[PDB]
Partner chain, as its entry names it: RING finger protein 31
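Below, in structure tokens: the form deposited without its partner chain, a single chain.
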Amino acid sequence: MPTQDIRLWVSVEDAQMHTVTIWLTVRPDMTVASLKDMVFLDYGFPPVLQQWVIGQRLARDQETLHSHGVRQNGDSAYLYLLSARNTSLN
């Protein structure tokens, strides 16, 4: 579309006491639920494990990124991962 996507930085925090940072390309029209999934798709980050933190976060996973303050690139979010995990597709 004429309007490009935006790049969102996400801080990943694990129960296993390690922290990583990821950059996600999306649009504010997206939501955490959708976003959470791509992160799962992208990083195999179990959506169950994924604890997403945004200053403008709402318990509702469905609300848009824009509604969570992600209006453009340079926006940053925080993700926490549980001790649990997932299984490899292959």
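Positions refer to the first chain, counted from 1.
The form solved in complex with its partner chain is left out here; the points below concern that form.
The three residues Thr21, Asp42 and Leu49 all sit with a heavy atom within 4.5 Å of its partner chain in the entry with it bound. Among heavy atoms of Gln72, none comes within 4.5 Å of its partner chain in the entry with it bound. Using a 4.5 angstroms limit between non-hydrogen atoms, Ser83 touches its partner chain in the entry with it bound.
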